[PDB]
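Undergrad: Residue numbers (this note's numbering), protein chains in the order written: chain A, 1 to 112; chain B, 10001 to 11038; chain C, 20001 to 20056; chain D, 30001 to 30112; chain E, 40001 to 40032. The structure under discussion is supplied below as structure tokens; questions concerning it will follow.
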Amino acid sequence: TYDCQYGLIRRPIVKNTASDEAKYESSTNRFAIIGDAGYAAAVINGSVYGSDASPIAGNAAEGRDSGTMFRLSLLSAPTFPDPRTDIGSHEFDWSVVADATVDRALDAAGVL
Amino acid sequence: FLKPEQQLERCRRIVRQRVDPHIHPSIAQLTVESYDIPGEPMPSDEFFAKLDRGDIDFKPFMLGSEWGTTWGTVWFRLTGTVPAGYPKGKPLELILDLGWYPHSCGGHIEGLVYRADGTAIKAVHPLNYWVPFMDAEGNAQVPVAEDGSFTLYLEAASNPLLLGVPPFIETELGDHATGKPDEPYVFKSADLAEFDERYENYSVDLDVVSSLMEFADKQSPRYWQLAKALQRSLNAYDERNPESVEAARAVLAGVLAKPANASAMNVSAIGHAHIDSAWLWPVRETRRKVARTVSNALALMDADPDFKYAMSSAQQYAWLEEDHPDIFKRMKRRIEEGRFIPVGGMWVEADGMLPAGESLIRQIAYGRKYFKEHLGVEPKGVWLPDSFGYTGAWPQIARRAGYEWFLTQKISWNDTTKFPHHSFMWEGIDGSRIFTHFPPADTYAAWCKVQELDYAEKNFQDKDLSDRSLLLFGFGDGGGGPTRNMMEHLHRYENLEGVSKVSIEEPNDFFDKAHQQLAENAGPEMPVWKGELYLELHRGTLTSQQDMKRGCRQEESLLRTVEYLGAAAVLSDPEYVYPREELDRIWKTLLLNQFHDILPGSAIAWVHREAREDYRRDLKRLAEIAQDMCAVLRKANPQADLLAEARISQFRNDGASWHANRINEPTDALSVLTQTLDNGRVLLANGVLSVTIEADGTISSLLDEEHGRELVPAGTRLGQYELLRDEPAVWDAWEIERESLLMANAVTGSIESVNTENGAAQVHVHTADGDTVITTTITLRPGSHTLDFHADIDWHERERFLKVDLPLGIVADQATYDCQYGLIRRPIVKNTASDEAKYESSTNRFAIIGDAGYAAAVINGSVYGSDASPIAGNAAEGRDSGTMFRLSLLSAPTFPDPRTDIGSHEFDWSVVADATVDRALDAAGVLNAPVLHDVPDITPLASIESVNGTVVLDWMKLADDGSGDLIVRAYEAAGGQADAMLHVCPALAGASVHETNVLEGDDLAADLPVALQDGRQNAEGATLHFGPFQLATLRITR
Amino acid sequence: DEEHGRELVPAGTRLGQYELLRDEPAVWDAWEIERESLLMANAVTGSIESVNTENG
Amino acid sequence: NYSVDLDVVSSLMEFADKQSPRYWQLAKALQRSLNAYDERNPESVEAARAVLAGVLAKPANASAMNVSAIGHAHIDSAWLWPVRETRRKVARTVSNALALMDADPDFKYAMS
Amino acid sequence: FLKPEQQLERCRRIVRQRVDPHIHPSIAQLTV
Ligand SMILES: [Zn+2]
Ligand SMILES: [Zn+2]
């Protein structure tokens, strides 16, 4: 569940078909929430917009349990229109909220 | 100057007229005598006993006459004599034509051949009607005298063709064999002939060359080289000179010795013959079909090395072992040397969606036990080629039983979408992965043609990561099997240009090699599909023959109680004996009734009549056994108080799961008020619900107190019946189609009476159509969050479909249905064409529809099919919004059963207002538990207490041996992580607990999680940790 | 997380780790990130320098 | 060598009968080779060449034609230029042929 | 999951821009 302009949007984490795999880099507006039936955690960001989510499959014969790999896009270095793009100093802020609901995520996103 | 099409036409004419006749040239004609059995068939043992003592007349028969009744049997005595000193270097086969319809197979007449001793030789089939008689050296199958005279027996089954070339035509020839010649067949041919292999080799060579020419890319050198070779070979063949057939063969040798392309696929071929347990014929014919198929396979093994054959169902093995011990002995000898492969390890090939999880586990357990104790083989894969979809809990059950791969080909029948993979990891709703392969040939019965190989090679969806696929070749769905011609073509296909590389291989080896190649090439990018395997076809199978689903669910719900009571009684009385053998028999009967054509309800009236009788008998017996166990428990527990009427419902809320509780228990809530409004409307109101019933018997307002929610959108009626026009173009019983929706007709009723029996408001409604009467009872109980509906229907329709509408007033994008061992989610909003294909899904005992902060559930008694759609509002009219959820009740198909479900039916369902997962589990469990009498309210044997999460203790039983240990099966229901505590009864003090697999074998895979950390412990106070849909299995030792 | 017992980081994974991808698209350089850029990740390693407590 | 290998693979992909295993094997090899090539590291050009080696070592089909190739350079005696330019063209062409013979064995050239 | 046309476009761009220049890299300039 990502934050929309005036609500929430939902995007697949498990990508079974080719249409799902096309949405491998979506937009997040000030926060995202990932939760099972009885527990959720949220990622809050300051001025980041791009992100992606993937599944982490476990293996009890190694100790890796399971989960979701969520990654935030910070910087890129393109070349064509601007030959020296984003060369210099940048500041970023984000946070992880442990026992998160919609309200708590709204609080964290608004305060930051 | 060279015209390839002319060469192809000339080749076809020459093969049909000048080459094929020289294969099997007749040298003698047999005398035929007949004996008719218009009724049920006589077993071969009894027939041969009577025959050797007399009692058989064998009236003379003349070739060209008609013999059979509708389902009767005819025994033919065939007498002959070989000419003087004839077998000069030829195998000397035997040709028997029974009047086969050419353009079909396995849907009509067949038969076996026997030696006067009473042992079978080989069956005769529409494309397989040769029987080995002697050899070139002169060794025969039957006693031949100095005169040269010999006799054989032929048991011919005369079965009607229920699938003509115009398909799906109504017929009355599908029950109670009558004894009249409804469609007689002529014999017309019985000869003794020699078998010239040179002409068959030339025929196969010509056929292969001509068929290769039809896919050989005109304007390529291969095409024109093949055309030139064909023309030269046809020129070189003279029918006047017999030996020239070899010279012509020397012309096609050049183009048939060219190796395969370096990028061609590697095809593994295994002989197969699917047999349906009961579909368009009774089971008593299925046994004969199995015997004939095994006879054909054994004969083919005798006639050809390098040929292997796979057989699947354990019930068919048991039938064959009981009926034909000699065939069983020969098959066992072939098995021991690795040429006859048993696959599957299940009792039958059951449906994937409808049966409960315990049904699947018991199928696996009984099949594996039979395979281990009767064949000495342990299968490593699940073999279910034909099934109308798979539940999604299959991967975990298969992984926790010891299987390593899965096989299926039904998903290729999809209406709309193409499944993205043929070789992949199928991952369940929990996380367990299994290796699944879909044969790209799109069939389980291939005829070994170049067309099939080419189609399979260009249909494969994993050309970038793998080059291995499995081919299943033979005749299927009614028996038959591979023939000699199929193997003679496959021998050519081994290394041939323009064709894949074919090799006869055991399926275990193929799966090992394919998985190794996929894992080596892919690495991180390995194909994975998570969820269920939904089939976009045959959506009407969830409603057809409602008695089947009714009986299946009722028998499972009663078996659970009976097994729990037996376990409780054994631990309470050392002098009580558990009825193991009778319960095994009942379980096996139920598992047989769970087959891919019986449970869906797509067979003839005979099969379903037999199944209904089985259900009635076994349900009565199980009720009696439960009463016996209750009497024993009462006699051994004088301290407990009796309960006049009570139910035992697994996962009852409020920490009282396996306790037995009354149907009507005292409550603090007052009696439910009733009131009649101005224009015949009724207003029911307990403390928590406010129901308004209009003059038409429909709920117009379901208001929830303490939340303010209106559960029925304005402008919609809850509880309204709809009639659809269901006249499909194909597969009448199987299919409900898109066009049937949008031709709905609402059926109107009226209120007749209002009553208050035990403080519960009860409203009676009658709805009519004309010979179709529905009586509905609407019930509201004191203090209950639920509203109940009961229905008695007299179905007398034809090609109509019945639904009931349940508007809910909640805007949701997806709906949560109950899976076998968890939950599944399906879209309500259908944006794309793939979504619209899932317009009729399955619900197992309940469904939940909820927004962020409010949910409502629909509970059903024995209904399986349902659909959900959005209701878009309009503030300029007053219609608010919501979800239209409809349950499928009855249908009236015509093709296999001309009078389907005509009669009386009972239905039960309920609506739960403020519903969560737990509350829905309670409602579903209580509505499905059976009702007993005089039940002591003893403390439960074992208990699961969830600190956090929702964990359901689904099953308790005794171990499948004489140990006396208690087997417990539990799973996580909510879908998140759960922590739980284990408690036991006072009898189980000092008992140990440890984890096993679903078959109690104590050996479990290292990849799978355990959920019982620290291992063997004490049963009282054990700590459990479930992941999402974990499905733990525990063994408790006294 | 206390009072729930949940471990929010799966075993075998590191939270807060930086990844560098090779982004050399064929078309629309500034506009595009492509599939092949993923699966060419290189983790970047650091070290701890100081621990402080300013306002608790 | 890498340029010629890439050109051959890509051009083979344009006539390789989509829906055939050869087409998809060539596509996978091309993708892997392009992933393996880093311009920052000069030596990686060899590693990429090791990915296209598998699909370029497959033998020809048994029904393929046998083509005999001979080097040729047609020269018109006088067409769009005077003969005095044709003499210089002949000298230049023979120079090119001799240089190519010096730079490569197994090469032959025909002149008329 | 694999798009051959994208691979062909990417190959053309890489050959034109990142591989061909490294053939014959200039080391000196001539006076004319
Ligand atoms: Zn079938
Ligand atoms: Zn010219």
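Cβ coordinates follow ideal geometry from the N, Cα and C atoms, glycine included.
Taking 7 Å as the cut-off, is the beta-carbon of residue 30072(D) closer than that to any non-hydrogen atom of ligand 2?
TA: Mapped onto the fourth sequence, residue 30072(D) falls at position 72. Flag unset: Cβ of residue 30072(D) not near ligand 2.
Undergrad: Since residue 30035(D) meets chain C, which of its residues come closer than 7 Å, beta carbon to beta carbon?
TA: Stepping through the fourth sequence from its first residue, residue 30035(D) is reached at position 35. Within 7 Å Cβ-Cβ: 20036, 20040.
Undergrad: Step through the CB atoms of chain D and report whether any lies within less than 8 Å of the CB of residue 10866(B).
TA: Sequence index remark: in the second sequence, residue 10866(B) carries index 866 (1-based). Taking Cβ atoms only, chain D never reaches closer than 8 Å to residue 10866(B), which makes this a no.
Undergrad: Strictly under 8 Å for the Cβ-Cβ distance: is residue 31(A) near chain C by that measure?
TA: Translated into the one-based positions of the first sequence, residue 31(A) becomes position 31. Closer than 8 Å: no.
Undergrad: Under three-state DSSP, which class holds residue 10438(B)?
TA: The count along the second sequence starts at 1 and reaches residue 10438(B) at position 438. If DSSP states are grouped into helix, strand and coil, residue 10438(B) belongs with coil.
Undergrad: Might you give, ordered along the chain, the residues of its own chain that have their beta carbon closer than 8 Å to the beta carbon of residue 10864(B), omitting 5 neighbours on each side?
TA: Taking the second sequence and counting its residues from 1, the one referred to as residue 10864(B) is at position 864. Around residue 10864(B): 10354, 10542, 10543, 10549, 10842, 10843, 10844, 10888.
Undergrad: Can you name the start and end residues of the alpha helix (DSSP H) that residue 10298(B) belongs to?
TA: Position 298 of the second sequence, counting from 1, holds the residue named residue 10298(B). Its alpha helix (DSSP H) spans residues 10283-10303.
Undergrad: Does the Cβ of residue 10596(B) lie closer than 7 Å to at least one heavy atom of ligand 1?
TA: By one-based count along the second sequence, residue 10596(B) stands at place 596. Yes, Cβ of residue 10596(B) sits closer than 7 Å to a heavy atom of ligand 1.
Undergrad: Under 5 Å, CB to any heavy atom of ligand 1. Which residues pass, going along the chain?
TA: The answer, residue by residue, is 10276(B), 10386(B).
Undergrad: Would you mind listing the alpha helix (DSSP H) stretches within the region 10101-10183 of chain B that are 4+ residues and don't spill past its ends, in chain order?
TA: Listed in chain order, nothing qualifies, since the region 10101-10183 of chain B has no complete alpha helix (DSSP H) run of 4 or more residues.
Undergrad: Whole angstroms are fine: how far does the CA of residue 10080(B) sit from the CA of residue 10897(B)?
TA: Within the second sequence, the letter at position 897 stands for residue 10897(B). Within the second sequence, the letter at position 80 stands for residue 10080(B). If you take the alpha carbons of residue 10897(B) and residue 10080(B), they lie about 44 Å apart.
Undergrad: Please go through the same chain and pick out, in chain order, the residues whose beta-carbon is closer than 8 Å to the beta-carbon of residue 20019(C), but skip the five residues on each side of it.
TA: Residue mapping note: residue 20019(C) aligns to position 19 of the third sequence, counting from 1. Around residue 20019(C): 20041, 20042, 20043, 20044.
Undergrad: State the Cα-Cα distance for the pair residue 10504(B) and residue 30038(D), rounded to the nearest angstrom.
TA: Residue 10504(B) sits at position 504 when you count from the first residue of the second sequence. Residue 30038(D) sits at position 38 when you count from the first residue of the fourth sequence. Their backbone Cα atoms lie some 45 Å apart in a straight line.
Undergrad: Check whether the Cβ of residue 10463(B) lies closer than 8 Å to any Cβ atom in chain D.
TA: By one-based count along the second sequence, residue 10463(B) stands at place 463. So, interface residue.
Undergrad: Using a Cβ-Cβ distance cut-off of 8 Å, determine whether residue 10225(B) contacts chain D.
TA: For the purposes of this step, residue 10225(B) is taken as the residue at position 225 of the second sequence. Yes - at least one Cβ of chain D is within 8 Å of the one on residue 10225(B).
Undergrad: What does residue 20011(C) reach in chain A if we use C-beta pairs closer than 7 Å?
TA: Along the third sequence, one-based indexing puts residue 20011(C) at 11. By Cβ distance, chain A contributes 63, 64, 65.
Undergrad: Across the region 10346-10366 of chain B and the region 10605-10622 of chain B, are there enough close Cβ pairs to call them in contact, namely three or more that are closer than 8 Å?
TA: As far as the Cβ criterion goes, the region 10346-10366 of chain B does not touch the region 10605-10622 of chain B, which means the pair count is below three.
Undergrad: Entirely within the region 10590-10665 of chain B and at least 3 residues each: give me those beta strand (DSSP E) ranges in chain order.
TA: Qualifying beta strand (DSSP E) stretches, in chain order: 10645-10648, 10660-10662.
Undergrad: Contact criterion: CB-CB distance below 8 Å. Does residue 30032(D) meet it with respect to chain B?
TA: Locating residue 30032(D) in the fourth sequence gives position 32, where the first residue counts as 1. No, its Cβ sits nowhere closer than 8 Å to a Cβ of chain B.
Undergrad: Is it true that the region 10766-10776 of chain B meets the region 10708-10725 of chain B, where meeting means three or more beta-carbon pairs spaced less than 8 Å apart?
TA: Yes, they touch.
Undergrad: Nearest CA to the CA of residue 10051(B): which residue from 10401(B), 10625(B), 10117(B), 10329(B)?
TA: Within the second sequence, numbered from 1, the residue matching residue 10051(B) stands at position 51. Ranking the options by Cα distance to residue 10051(B), first place goes to 10117(B).
Undergrad: I'd like the list of long-range same chain contacts for residue 10096(B), defined as Cβ closer than 6 Å, with 5 residues on each side in sequence excluded.
TA: Counting from one through the second sequence, the residue named residue 10096(B) turns up at place 96. Closer than 6 Å at the Cβ level, and outside the excluded window around residue 10096(B), lie 10124, 10129, 10190.
Undergrad: Quick one: Cα of residue 10069(B) to Cα of residue 10717(B), how far?
TA: The residue given as residue 10069(B) occupies position 69 in the second sequence. The residue given as residue 10717(B) occupies position 717 in the second sequence. Their Cα atoms are separated by approximately 55 Å.
Undergrad: According to a CB-to-CB cut-off of less than 9 Å, which residues of the region 10970-10992 of chain B neighbour chain A?
TA: Those would be 10974, 10975, 10976, 10977, 10978, in chain order.
Undergrad: My assumption, with CB atoms under 8 Å, is that residue 10601(B) sits in contact with residue 10545(B). Please give the rounded CB distance.
TA: For the purposes of this step, residue 10601(B) is taken as residue 601 along the second sequence, with counting starting at 1. For the purposes of this step, residue 10545(B) is taken as residue 545 along the second sequence, with counting starting at 1. Yes, residue 10601(B) and residue 10545(B) are in contact; Cβ-Cβ is about 3 Å, under 8 Å.
Undergrad: Take residue 10179(B) and list the residues in its own chain whose beta-carbon comes closer than 6 Å to its own, dropping the five residues that flank it on each side.
TA: Against the second sequence, residue 10179(B) aligns to sequence position 179. Closer than 6 Å at Cβ, skipping near neighbours: 10038, 10069.
Undergrad: So is residue 10860(B) buried or exposed if we call it buried at 16+ other beta carbons inside 10 Å?
TA: Counting from 1 along the second sequence, the entry for residue 10860(B) is found at position 860. It counts as buried.
Undergrad: Would you decide whether residue 10261(B) is buried or exposed? Buried here means 16 or more other CB atoms lie within 10 Å of its CB.
TA: By one-based count along the second sequence, residue 10261(B) stands at place 261. Answer is buried; the Cβ neighbour count reaches 16.
Undergrad: Taking its Cβ as the centre, do 16 or more other Cβ atoms sit within 10 Å of residue 10396(B), making it buried, or is it exposed?
TA: Numbered from its first residue, the second sequence carries residue 10396(B) at position 396. By the neighbour-count rule (16 or more Cβ atoms within 10 Å), residue 10396(B) is buried.
Undergrad: Using a Cβ-Cβ cut-off of less than 8 Å, list which residues of the region 30040-30068 of chain D approach chain B; keep chain order.
TA: Per Cβ criterion, the list reads 30058, 30059, 30061, 30062, 30063, 30064, 30065.
Undergrad: Find the residues of chain C that neighbour residue 25(A), judging by a C-beta separation of less than 8 Å, and give them in chain order.
TA: The residue you call residue 25(A) lines up with position 25 of the first sequence. Those within 8 Å of residue 25(A) in chain C are 20033.
Undergrad: Count the other CB atoms within 10 Å of the CB of residue 4(A); is the residue buried (16 or more) or exposed (fewer)?
TA: Indexing the first sequence from 1 puts residue 4(A) at position 4. Result: exposed.
Undergrad: With 16 other CB atoms within 10 Å as the buried threshold, where does residue 10903(B) fall?
TA: As a first step, residue 10903(B) must be located in the second sequence, where it is residue number 903. Answer is exposed; the Cβ neighbour count stays below 16.
Undergrad: Taking all protein chains shown into account, decide if residue 10816(B) is buried (16 or more other Cβ within 10 angstroms of its Cβ) or exposed.
TA: Here residue 10816(B) refers to the residue found at position 816 when the second sequence is read from its first residue. Its Cβ being crowded by 16 or more others within 10 Å, residue 10816(B) is buried.
Undergrad: What span of residues does the alpha helix (DSSP H) with residue 10094(B) cover, start to end?
TA: By one-based count along the second sequence, residue 10094(B) stands at place 94. It is not in any alpha helix (DSSP H) - residue 10094(B) instead sits in the beta strand (DSSP E) that spans 10094-10097.
Undergrad: On the criterion of 16 or more Cβ atoms from any shown chain inside 10 Å, does residue 30017(D) qualify as buried, or is it exposed?
TA: Residue 30017(D) sits at position 17 when you count from the first residue of the fourth sequence. Exposed, since its Cβ has fewer than 16 Cβ neighbours within 10 Å.
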